[PDB]
Structure formats: structure tokens, C-alpha cells
């Protein structure tokens, strides 16, 4: 595996932002990347798209390093250039950045951003606790008749809100989506008032008339205008860039004037 690679093709959408932070020039990325508001938003200049299968499309980018998930034809790829397989969700998240930093010889770029990150977390943590106190906050997405109430270990700003910001959740949400389940809980539209907190970040599971039901409109959070539209594509990833964009949205939402 090359240190300081000059041309990297990333077939695992969820890692693009990692190499971008480190500064490794990426020459190819899957479609998701060109759809994420935290990416195309300003970071796409030098890359080709794709879906993650067309081995031929990677050939025309003559990479010196390929990165793909284990969950594609690795052998075919290993032929093109040094290829690295990354078991999904194996590394923590800030660890996954230090793995890539070490792998590419850019540990200074990674430790630098971590320093910036913790300075942003700390600042927002104090700015938010001041504006919401111990008020509770929910995270949920809709998909047909099912409604998912996320915890801290399942993306959608969960680890940000319940760990980095130390914000509280309703007893039932901690009991079900945290201290117990696989990281989330699918509930019925009836039990919504039982989970719903003071503030809510709701949105579709991807781009079921729940935001129409009389039971949702009647929730205290919505009545007090404390519900914020969560973009499913933006909260899809948890890379350094997306995390920054997500923490900005979380903070702004929870502190804008009423």
C-alpha cells in the first residue's frame, strides 16, 4: 500500500470525506458523493462518478490505490492497483480517520482536524446546553407506515446529539433505542407521543404521511415549532466533513431565535 498516494479511487461512498480531509487526491467516487449536500456543496472538482461495480470505469482513472468495502470483485481490482478492504463499522469513527491517516502518511492532517473538531464540539456543547438545558431531543425518520426512533449508535446525528453534545432523550427512548436495541426502534404512529421529546429532528428515511397525521401535528414539539427538517442524504454519512455539516445544522436549529 502506497504512502502519500497520488491517485485514489474510493468505491466506498462513506469514506470519501476522510481522504478529502487528509488531502489525498481522489480521482473517483460513487454516486452518493455527488448528491451529499456537504460534498457537491463545494467539493467535487477532481473526480469521476460510478456506482461501485464497473471495474472498467476504475481502469480509466489508473489509480495507485483503491478503497472498497468488504460487503464487488476485489481480486479483479487488486490487479489494477494496491487495493484495501475495509470491514464496515469495524473502526469507531475518529479511529477510522486515524487508520487512513496512518495508512497514507498524513497523521498531521488527521490530528489537526481532530483538534478543530473537539474545539467545535466543546463550543457548541456549551452554546446548546445554555439554550435548551436538560430538554430532551428525539431523532426519527419515516418510511411508509413504520417510524424509526434513532438512538446514539445508528447514525442520523445520534452519536453527535447523545454523546458529543450530551443532550438528553426521553426515558422510553433511552430504554428502547439506546440501553437495549440494535441502535433504533421501529414504532407505530400511536406510540409517537410516548417517545416524542421537546425537540425533534424528523425527516424521511430517504428522498408515509406521518407529518400529516393529526397525532404528529399535535405533538408538543411541533406545536412549539421545535421540529427541524432532517435531510436523509446529509445524515447518511459520518465522515469528518459530513459530521461538521451535521453539527452545524444541529446547533443552528437548536439555537435560532423564536
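Positions refer to the first chain, counted from 1.
Trainee: What number of deposited residues lacks coordinates in the span between residue 53 and residue 54: none, 1 to 3, 4 to 9, or 10 or more?
Mentor: Count of unmodelled residues in between: none.
Trainee: Deposited residues absent from the coordinates between residue 93 and residue 94, none, 1 to 3, 4 to 9, or 10 or more?
Mentor: Gap between residue 93 and residue 94: none.
Trainee: Going by the mean C-alpha B-factor recorded in the entry, which is higher: 110-118 or 74-82?
Mentor: The recorded data point to 74-82.
Trainee: If you average the CA temperature factors as listed in the entry, which stretch comes out higher, 53-61 or 22-30?
Mentor: Between 53-61 and 22-30, it is 53-61 that shows the higher mean C-alpha B-factor.
Trainee: Would you mind finding, among 138, 126, 159, 188, the residue with the largest C-alpha temperature factor in the entry?
Mentor: It is 188.
Trainee: Tell me, lowest, middle or highest third: where does the Cα B factor of residue 150 rank within its chain?
Mentor: As the PDB entry reports it, the C-alpha B-factor of residue 150 lands in the lowest third of its chain.
Trainee: Quick check on the deposited entry: does the C-alpha B-factor of residue 183 sit in the lowest, middle or highest third of its chain?
Mentor: Within its chain, residue 183 is a middle-third residue by C-alpha B-factor, going by the deposited values.
Trainee: Using the B-factor values recorded in the entry, state whether the Cα atom of residue 225 falls in the lowest, middle or highest third among the modelled residues of its chain.
Mentor: For residue 225, whose C-alpha B-factor we compare with every modelled residue in the chain, the answer is the middle third.
Trainee: Thinking about Cα B factors across the chain, which third does residue 239 belong to?
Mentor: Its C-alpha B-factor, which the entry lists for residue 239, ranks in the lowest third among residues of this chain.
Trainee: Among the chain's modelled residues, which third holds the C-alpha B-factor of residue 210?
Mentor: Its C-alpha B-factor, which the entry lists for residue 210, ranks in the highest third among residues of this chain.
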